[PDB]
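Structure data (mmCIF, C-alpha atoms and all ligand atoms) from coords_3.cif:
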```
data_query
loop_
_atom_site.label_atom_id
_atom_site.label_comp_id
_atom_site.auth_asym_id
_atom_site.auth_seq_id
_atom_site.Cartn_x
_atom_site.Cartn_y
_atom_site.Cartn_z
CA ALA A 1 -0.36 -15.66 12.20
CA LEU A 2 -0.30 -12.11 10.83
CA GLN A 3 -0.55 -9.07 13.06
CA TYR A 4 -1.80 -6.88 10.23
CA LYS A 5 -4.35 -8.42 7.89
CA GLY A 6 -6.55 -6.25 5.74
CA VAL A 7 -7.37 -4.63 2.44
CA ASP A 8 -6.90 -1.35 0.64
CA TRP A 9 -10.44 0.00 0.35
CA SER A 10 -9.71 3.54 -0.90
CA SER A 11 -12.28 3.38 -3.70
CA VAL A 12 -15.18 2.66 -1.36
CA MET A 13 -16.80 6.13 -1.41
CA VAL A 14 -16.25 6.65 -5.13
CA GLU A 15 -18.13 3.40 -5.59
CA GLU A 16 -20.90 4.34 -3.18
CA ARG A 17 -21.32 7.65 -5.03
CA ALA A 18 -21.59 5.55 -8.18
CA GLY A 19 -24.51 3.67 -6.66
CA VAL A 20 -22.71 0.52 -5.51
CA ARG A 21 -24.15 -1.48 -2.60
CA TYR A 22 -22.14 -4.08 -0.71
CA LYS A 23 -23.34 -7.21 1.07
CA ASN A 24 -21.58 -10.01 2.93
CA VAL A 25 -21.70 -13.58 1.56
CA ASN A 26 -25.30 -13.90 2.71
CA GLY A 27 -26.62 -10.93 0.77
CA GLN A 28 -27.04 -8.69 3.80
CA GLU A 29 -26.40 -5.09 2.71
CA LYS A 30 -24.23 -2.91 5.00
CA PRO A 31 -21.38 -0.37 4.82
CA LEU A 32 -18.20 -2.02 3.48
CA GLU A 33 -16.12 -1.45 6.63
CA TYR A 34 -18.49 -3.82 8.45
CA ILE A 35 -18.49 -6.50 5.77
CA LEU A 36 -14.69 -6.32 6.01
CA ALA A 37 -14.52 -6.58 9.81
CA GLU A 38 -17.06 -9.40 9.50
CA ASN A 39 -14.58 -11.38 7.40
CA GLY A 40 -11.58 -11.05 9.71
CA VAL A 41 -10.01 -7.87 8.32
CA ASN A 42 -8.38 -5.86 11.12
CA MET A 43 -6.95 -2.96 9.12
CA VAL A 44 -7.59 -0.92 6.00
CA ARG A 45 -5.04 0.73 3.71
CA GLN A 46 -5.96 4.13 2.28
CA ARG A 47 -4.13 6.02 -0.46
CA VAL A 48 -3.65 9.77 0.00
CA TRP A 49 -3.10 12.24 -2.84
CA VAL A 50 -2.03 15.88 -2.46
CA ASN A 51 -4.24 17.94 -4.80
CA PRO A 52 -6.36 15.45 -6.75
CA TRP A 53 -8.24 17.05 -9.62
CA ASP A 54 -11.60 15.94 -8.24
CA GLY A 55 -10.85 15.76 -4.52
CA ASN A 56 -10.90 11.97 -4.27
CA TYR A 57 -8.28 10.44 -2.01
CA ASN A 58 -7.37 13.84 -0.67
CA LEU A 59 -7.06 14.51 3.05
CA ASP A 60 -10.73 15.28 3.75
CA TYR A 61 -11.71 12.21 1.74
CA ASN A 62 -9.37 10.01 3.76
CA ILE A 63 -10.58 11.42 7.06
CA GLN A 64 -14.17 10.40 6.34
CA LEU A 65 -12.87 6.91 5.53
CA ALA A 66 -10.66 6.65 8.60
CA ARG A 67 -13.45 7.69 10.94
CA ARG A 68 -15.64 5.02 9.34
CA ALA A 69 -12.89 2.39 9.43
CA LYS A 70 -12.39 3.13 13.13
CA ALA A 71 -16.10 2.76 13.94
CA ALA A 72 -15.88 -0.79 12.58
CA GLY A 73 -12.85 -1.42 14.79
CA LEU A 74 -10.42 -1.53 11.87
CA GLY A 75 -6.86 -0.27 12.13
CA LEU A 76 -5.51 2.38 9.78
CA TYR A 77 -2.63 2.26 7.29
CA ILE A 78 -2.15 5.62 5.54
CA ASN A 79 -0.51 5.29 2.13
CA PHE A 80 1.02 8.58 0.94
CA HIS A 81 1.60 8.77 -2.81
CA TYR A 82 3.08 12.27 -2.51
CA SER A 83 1.56 13.12 -5.86
CA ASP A 84 -1.72 14.59 -7.16
CA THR A 85 -2.32 11.32 -8.94
CA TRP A 86 -1.31 7.63 -8.98
CA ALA A 87 2.28 7.17 -7.87
CA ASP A 88 4.16 4.05 -8.96
CA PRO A 89 7.62 3.05 -10.34
CA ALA A 90 6.89 4.76 -13.65
CA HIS A 91 5.12 7.83 -12.27
CA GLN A 92 6.18 9.97 -9.30
CA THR A 93 4.80 13.35 -10.34
CA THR A 94 5.61 16.11 -7.89
CA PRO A 95 2.43 18.06 -6.97
CA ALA A 96 2.10 21.17 -9.15
CA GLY A 97 3.33 24.13 -7.13
CA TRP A 98 5.86 22.27 -4.97
CA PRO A 99 9.51 23.49 -4.98
CA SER A 100 12.33 22.80 -7.45
CA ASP A 101 15.30 22.66 -5.07
CA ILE A 102 16.04 19.78 -2.72
CA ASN A 103 15.99 21.85 0.45
CA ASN A 104 12.62 23.46 -0.24
CA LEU A 105 11.04 20.32 -1.72
CA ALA A 106 12.11 18.36 1.35
CA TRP A 107 10.79 21.15 3.57
CA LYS A 108 7.50 21.00 1.67
CA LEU A 109 7.31 17.22 1.95
CA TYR A 110 7.81 17.78 5.68
CA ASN A 111 5.13 20.46 6.12
CA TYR A 112 2.75 18.41 4.00
CA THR A 113 3.25 15.17 5.90
CA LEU A 114 3.32 17.03 9.21
CA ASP A 115 0.05 18.85 8.61
CA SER A 116 -1.54 15.74 7.13
CA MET A 117 -0.72 13.55 10.12
CA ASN A 118 -1.83 16.29 12.50
CA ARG A 119 -5.07 16.31 10.54
CA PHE A 120 -5.79 12.79 11.79
CA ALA A 121 -4.45 13.53 15.27
CA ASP A 122 -6.69 16.58 15.67
CA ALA A 123 -9.59 14.54 14.29
CA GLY A 124 -8.98 11.93 16.98
CA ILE A 125 -8.14 9.27 14.39
CA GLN A 126 -5.28 6.91 15.18
CA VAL A 127 -2.93 6.16 12.28
CA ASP A 128 -1.21 2.80 12.81
CA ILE A 129 1.00 2.55 9.72
CA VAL A 130 2.22 5.25 7.33
CA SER A 131 4.12 4.59 4.12
CA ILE A 132 6.11 7.62 3.07
CA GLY A 133 5.53 7.05 -0.63
CA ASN A 134 3.98 4.37 -2.85
CA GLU A 135 6.12 1.80 -4.68
CA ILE A 136 8.98 4.31 -4.74
CA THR A 137 11.39 1.80 -6.33
CA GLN A 138 12.47 4.38 -8.91
CA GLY A 139 12.29 7.09 -6.27
CA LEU A 140 9.63 9.73 -5.65
CA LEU A 141 8.89 13.40 -6.32
CA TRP A 142 10.54 13.51 -9.75
CA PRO A 143 12.83 14.92 -11.04
CA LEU A 144 14.71 15.47 -7.76
CA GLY A 145 13.80 12.17 -6.10
CA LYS A 146 14.25 10.04 -9.21
CA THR A 147 16.48 6.99 -8.76
CA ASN A 148 20.23 7.33 -8.73
CA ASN A 149 19.60 10.67 -7.02
CA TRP A 150 20.15 8.60 -3.91
CA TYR A 151 21.19 11.66 -1.92
CA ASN A 152 18.01 13.58 -2.70
CA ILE A 153 15.92 10.48 -1.95
CA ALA A 154 17.32 9.75 1.52
CA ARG A 155 17.04 13.49 2.01
CA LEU A 156 13.36 13.47 1.05
CA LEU A 157 12.44 10.42 3.09
CA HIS A 158 14.17 11.71 6.21
CA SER A 159 12.07 14.88 6.08
CA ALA A 160 8.89 12.87 5.47
CA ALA A 161 9.68 10.44 8.27
CA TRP A 162 10.02 13.38 10.64
CA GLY A 163 6.86 15.06 9.47
CA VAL A 164 5.33 11.97 11.05
CA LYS A 165 7.59 11.98 14.08
CA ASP A 166 6.91 15.64 14.90
CA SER A 167 3.11 15.34 14.60
CA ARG A 168 0.52 15.23 17.40
CA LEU A 169 -0.02 11.56 16.60
CA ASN A 170 0.24 9.41 19.69
CA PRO A 171 1.13 6.73 19.69
CA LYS A 172 3.20 7.37 16.57
CA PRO A 173 2.48 5.04 13.62
CA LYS A 174 5.11 2.69 12.25
CA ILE A 175 6.85 4.42 9.39
CA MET A 176 7.05 2.29 6.26
CA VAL A 177 9.02 2.45 3.01
CA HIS A 178 7.10 0.81 0.16
CA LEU A 179 8.77 -0.75 -2.88
CA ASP A 180 7.21 -2.93 -5.58
CA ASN A 181 8.51 -6.36 -6.70
CA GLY A 182 9.15 -7.67 -3.19
CA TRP A 183 10.07 -10.99 -4.80
CA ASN A 184 13.08 -9.39 -6.46
CA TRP A 185 15.78 -9.28 -3.78
CA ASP A 186 18.41 -7.55 -5.91
CA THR A 187 15.98 -4.66 -6.33
CA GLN A 188 15.15 -4.52 -2.59
CA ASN A 189 18.90 -4.72 -1.83
CA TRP A 190 20.07 -2.21 -4.48
CA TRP A 191 17.50 0.36 -3.38
CA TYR A 192 17.88 0.27 0.41
CA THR A 193 21.65 -0.05 0.17
CA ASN A 194 21.95 3.06 -1.97
CA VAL A 195 19.40 5.03 0.06
CA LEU A 196 20.74 4.06 3.49
CA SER A 197 24.39 4.70 2.54
CA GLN A 198 23.71 8.37 1.82
CA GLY A 199 23.37 9.37 5.47
CA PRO A 200 20.29 11.67 5.65
CA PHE A 201 17.81 8.77 5.86
CA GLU A 202 18.77 6.90 9.02
CA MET A 203 17.98 3.42 10.25
CA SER A 204 15.97 4.93 13.11
CA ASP A 205 13.86 6.98 10.67
CA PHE A 206 11.66 4.08 9.61
CA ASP A 207 10.16 0.91 11.04
CA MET A 208 8.69 -1.09 8.20
CA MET A 209 9.54 -2.26 4.73
CA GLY A 210 6.42 -3.00 2.70
CA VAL A 211 6.34 -4.74 -0.68
CA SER A 212 3.97 -5.33 -3.55
CA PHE A 213 3.66 -8.96 -4.60
CA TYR A 214 1.54 -9.82 -7.63
CA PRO A 215 1.35 -12.95 -9.76
CA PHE A 216 0.43 -11.39 -13.11
CA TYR A 217 3.39 -9.13 -13.87
CA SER A 218 6.17 -11.72 -14.20
CA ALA A 219 6.60 -15.47 -13.82
CA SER A 220 9.50 -14.58 -11.52
CA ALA A 221 7.23 -13.62 -8.62
CA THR A 222 7.54 -17.04 -6.96
CA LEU A 223 6.49 -17.49 -3.35
CA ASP A 224 10.03 -18.75 -2.70
CA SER A 225 11.67 -15.59 -4.04
CA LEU A 226 9.40 -13.44 -1.89
CA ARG A 227 10.25 -15.79 0.96
CA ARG A 228 13.98 -15.39 0.36
CA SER A 229 13.77 -11.67 -0.29
CA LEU A 230 11.92 -11.00 2.95
CA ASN A 231 14.41 -13.09 4.94
CA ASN A 232 17.32 -11.26 3.33
CA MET A 233 15.75 -7.85 4.01
CA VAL A 234 14.90 -8.68 7.63
CA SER A 235 18.30 -10.20 8.45
CA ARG A 236 20.02 -7.22 6.84
CA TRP A 237 18.08 -4.23 8.15
CA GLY A 238 16.03 -5.73 10.98
CA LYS A 239 12.78 -4.00 10.02
CA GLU A 240 9.26 -5.46 10.19
CA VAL A 241 8.08 -6.59 6.76
CA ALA A 242 4.75 -6.89 4.97
CA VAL A 243 3.07 -7.45 1.63
CA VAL A 244 1.10 -4.25 1.27
CA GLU A 245 -0.32 -5.17 -2.14
CA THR A 246 -1.44 -8.38 -3.82
CA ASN A 247 -4.31 -9.77 -5.89
CA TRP A 248 -5.45 -13.05 -7.38
CA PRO A 249 -7.98 -13.21 -10.21
CA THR A 250 -11.20 -15.21 -10.37
CA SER A 251 -11.10 -14.54 -14.11
CA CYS A 252 -8.02 -13.98 -16.27
CA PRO A 253 -8.78 -14.89 -19.91
CA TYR A 254 -5.89 -12.90 -21.37
CA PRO A 255 -2.86 -12.74 -19.07
CA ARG A 256 -0.04 -10.56 -20.40
CA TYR A 257 2.55 -12.71 -18.65
CA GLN A 258 2.93 -16.35 -17.74
CA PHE A 259 2.06 -16.88 -14.09
CA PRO A 260 4.71 -18.15 -11.65
CA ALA A 261 5.20 -21.93 -11.89
CA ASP A 262 4.36 -22.40 -8.21
CA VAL A 263 0.81 -21.11 -8.65
CA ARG A 264 -0.09 -22.35 -12.14
CA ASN A 265 -2.16 -25.01 -10.35
CA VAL A 266 -4.21 -22.46 -8.44
CA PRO A 267 -7.59 -21.86 -10.14
CA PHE A 268 -9.05 -18.48 -11.05
CA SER A 269 -11.93 -18.58 -8.60
CA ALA A 270 -12.94 -17.68 -5.07
CA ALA A 271 -11.28 -20.93 -4.00
CA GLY A 272 -8.06 -19.98 -5.77
CA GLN A 273 -8.00 -16.55 -4.16
CA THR A 274 -8.25 -18.16 -0.72
CA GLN A 275 -5.48 -20.59 -1.57
CA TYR A 276 -3.22 -17.84 -2.96
CA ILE A 277 -3.86 -15.27 -0.24
CA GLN A 278 -3.21 -17.95 2.34
CA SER A 279 0.03 -19.12 0.69
CA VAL A 280 1.31 -15.54 0.60
CA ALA A 281 0.37 -15.14 4.26
CA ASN A 282 2.34 -18.28 5.10
CA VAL A 283 5.41 -16.82 3.41
CA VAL A 284 5.15 -13.57 5.38
CA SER A 285 4.41 -15.35 8.68
CA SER A 286 7.28 -17.79 8.13
CA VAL A 287 9.58 -14.77 8.22
CA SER A 288 10.47 -13.48 11.66
CA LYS A 289 9.11 -9.94 11.64
CA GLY A 290 6.82 -10.94 8.81
CA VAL A 291 3.85 -9.02 10.17
CA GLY A 292 1.32 -8.08 7.52
CA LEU A 293 -0.66 -8.76 4.36
CA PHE A 294 -2.95 -6.42 2.41
CA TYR A 295 -5.14 -7.30 -0.56
CA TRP A 296 -5.46 -4.35 -2.94
CA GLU A 297 -8.92 -2.99 -3.82
CA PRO A 298 -10.96 -6.18 -3.32
CA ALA A 299 -14.23 -4.27 -3.70
CA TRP A 300 -13.61 -2.00 -6.70
CA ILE A 301 -16.25 -3.75 -8.82
CA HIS A 302 -16.34 -0.98 -11.43
CA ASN A 303 -12.61 -1.54 -12.05
CA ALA A 304 -12.38 -5.34 -11.69
CA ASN A 305 -9.11 -5.79 -13.58
CA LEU A 306 -7.54 -3.36 -11.10
CA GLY A 307 -5.10 -2.07 -13.71
CA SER A 308 -3.76 -5.53 -14.56
CA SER A 309 -4.05 -7.68 -17.66
CA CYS A 310 -6.49 -9.90 -15.77
CA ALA A 311 -10.23 -9.28 -16.13
CA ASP A 312 -11.35 -9.55 -12.50
CA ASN A 313 -9.23 -9.43 -9.32
CA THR A 314 -12.08 -8.41 -7.00
CA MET A 315 -13.32 -10.42 -4.05
CA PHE A 316 -16.84 -9.25 -4.74
CA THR A 317 -19.70 -10.00 -7.06
CA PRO A 318 -20.24 -7.63 -10.00
CA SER A 319 -23.29 -6.53 -8.04
CA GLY A 320 -21.31 -5.96 -4.85
CA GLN A 321 -21.89 -9.12 -2.82
CA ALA A 322 -18.90 -10.40 -0.86
CA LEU A 323 -17.44 -13.62 -2.19
CA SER A 324 -16.67 -16.58 0.09
CA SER A 325 -12.94 -15.96 -0.32
CA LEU A 326 -13.17 -12.70 1.62
CA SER A 327 -13.38 -14.69 4.87
CA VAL A 328 -9.83 -15.94 4.36
CA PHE A 329 -8.88 -13.06 6.65
CA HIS A 330 -10.08 -15.23 9.54
CA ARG A 331 -7.63 -18.05 8.73
CA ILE A 332 -4.56 -15.80 8.57
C1 LIG A 401 7.06 24.98 5.52
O1 LIG A 401 6.35 25.57 6.63
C2 LIG A 401 7.06 26.71 7.18
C3 LIG A 401 6.37 27.12 8.46
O2 LIG A 401 5.12 26.47 8.61
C4 LIG A 401 7.14 27.81 6.13
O3 LIG A 401 7.81 28.95 6.66
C5 LIG A 401 7.89 27.28 4.90
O4 LIG A 401 7.92 28.27 3.88
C6 LIG A 401 7.21 26.00 4.38
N1 LIG A 401 7.99 25.41 3.31
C7 LIG A 401 7.57 25.48 2.05
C8 LIG A 401 8.60 25.82 0.99
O5 LIG A 401 6.40 25.30 1.73
#
```
Could you express the structure from this file as structure tokens?
Amino acid sequence: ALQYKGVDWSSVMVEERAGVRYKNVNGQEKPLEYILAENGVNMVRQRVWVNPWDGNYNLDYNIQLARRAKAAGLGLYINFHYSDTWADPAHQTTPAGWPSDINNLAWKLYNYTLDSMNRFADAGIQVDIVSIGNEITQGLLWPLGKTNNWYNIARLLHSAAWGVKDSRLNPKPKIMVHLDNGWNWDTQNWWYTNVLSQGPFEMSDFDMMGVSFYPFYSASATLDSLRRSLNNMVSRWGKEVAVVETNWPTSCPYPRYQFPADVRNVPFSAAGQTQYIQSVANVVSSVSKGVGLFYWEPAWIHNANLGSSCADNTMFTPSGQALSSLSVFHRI
């Protein structure tokens, strides 16, 4: 069974401010962190943005969350986007103001990460996992860290990894590199190979390799491919692995892509979510060093589709009541 099993609950306060109230399956209202712990979750993933336009997901914002997550006995997984806004394969926007030369940008990434981690340390919050970037498959901090700029990338990650290493955090969190399409091994292989062959980013600079695994972005995302990809990654670089992002809809009237053949039998419902989340967990667990699974934004009711072509990927009622499927975190 999985060592790390949780959800990314970053939107929680934005939702509370919007008037949302959460309840477990029985209708008992309480702060989300407790409904989560109640269902077997043992860790929350939180996204961190540099200078968000409205302050959400910034350091202060994430510290209030962490403190809360800790009170409910949940572990912490800090997810740096190293951007003012959403960072993903098609968007890695360097924070306005940051440097334009690799040495200074890297230095900045270091000071930023360093100070940020020390922010939790000084606050008495323990960070368990830290991803230096978010789905950085096409690199990060563009233009400099854009893919094929392999040198700059390994250069940037090394600095970021050390911002963590040199912080007051103790124990130090596992450093993770997060790429999307974990089912695509050629991508996982191409990326790490090119980054690790540069020299600046060393094997001892990171501990985990996290991957996003979704069913609605390509019929190619088969459980088998993820299974194979993870095994290939582990056997090749010996790092702990984990699915840091995944969803399953309870409603998907207009999918943009055909779902993988292995899950076309799984229903869009609370039952189907359980089935899917459990299958994905089995894949990760089957892999030696397969250590974690995180469902992305299960409680963002005011954004149900969660940026996908599916209508609802939440594990909550439109009114905020936890669905039965949320307790799948006990079984994994
Ligand atoms: C990083 O921090 C150091 C000392 O704290 C400072 O001298 C340096 O200018 C910073 N790097 C940049 C370019 O922000």
Legend entry - Computed interatomic separation between atom CA of residue A:102 and atom CA of residue A:152 (Å):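 For atom CA of residue A:102 relative to atom CA of residue A:152, the distance reads 6.5 Å.
Residue nearest residue A:194, chosen from A:232, A:159, A:138, A:28 and counting only C-alpha atoms: A:138.
Interatomic distance, atom CA of residue A:273 against atom CA of residue A:33: 20.3 Å.
Each of A:37, A:25, A:43, A:179 was checked against residue A:76 using all atoms listed in the file; the smallest atom-to-atom distance is that of A:43.
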Legend entry - Point-to-point distance from atom CA of residue A:211 to atom CA of residue A:154, Å rounded to tenths: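 Separation of atom CA of residue A:211 and atom CA of residue A:154: 18.3 Å.
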Legend entry - Which residue of A:97, A:320, A:253, A:133 approaches ligand LIG 401 (chain A) most closely, using all atoms listed in the file: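 With all atoms listed in the file as the atom set, the closest residue is A:97.
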Inset, instruction - All residues within 6 Å of ligand LIG 401 (chain A) are required, counting all atoms listed in the file; please report them as a list in words. - result: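 My answer, listing the contacting residues, is residues 104, 107, 108 and 111 of chain A.
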Prev. selection, C-alpha atoms, output as a PDB file, in the frame of the given file:
```
ATOM      1  CA  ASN A 104      12.620  23.460  -0.240  1.00  0.00           C
ATOM      2  CA  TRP A 107      10.790  21.150   3.570  1.00  0.00           C
ATOM      3  CA  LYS A 108       7.500  21.000   1.670  1.00  0.00           C
ATOM      4  CA  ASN A 111       5.130  20.460   6.120  1.00  0.00           C
TER       5      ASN A 111
END
```
Inset, instruction - Go through A:31, A:272, A:200, A:40 and flag the residue nearest residue A:321, using all atoms listed in the file for the distances. - result: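 Looking at the shortest contact to residue A:321, the residue is A:31.
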Inset, instruction - Counting all atoms listed in the file, figure out which residue out of A:75, A:298, A:95, A:290 gets nearest to residue A:8. - result: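 Of A:75, A:298, A:95, A:290, the one nearest residue A:8, counting all atoms listed in the file, is A:298.
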Quick one: residues within 10 Å of residue A:41, only C-alpha atoms counted, chain neighbours fewer than 5 positions away excluded, as a CSV table (one decimal) with C-alpha atoms, in the coordinates of the input?
```
chain,number,residue,atom,x,y,z
A,4,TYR,CA,-1.8,-6.9,10.2
A,5,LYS,CA,-4.4,-8.4,7.9
A,6,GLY,CA,-6.6,-6.2,5.7
A,7,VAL,CA,-7.4,-4.6,2.4
A,33,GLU,CA,-16.1,-1.4,6.6
A,34,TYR,CA,-18.5,-3.8,8.4
A,35,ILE,CA,-18.5,-6.5,5.8
A,36,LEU,CA,-14.7,-6.3,6.0
A,73,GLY,CA,-12.8,-1.4,14.8
A,74,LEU,CA,-10.4,-1.5,11.9
A,75,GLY,CA,-6.9,-0.3,12.1
A,294,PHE,CA,-3.0,-6.4,2.4
A,326,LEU,CA,-13.2,-12.7,1.6
A,327,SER,CA,-13.4,-14.7,4.9
A,328,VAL,CA,-9.8,-15.9,4.4
A,329,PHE,CA,-8.9,-13.1,6.6
A,330,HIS,CA,-10.1,-15.2,9.5
A,332,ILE,CA,-4.6,-15.8,8.6
```
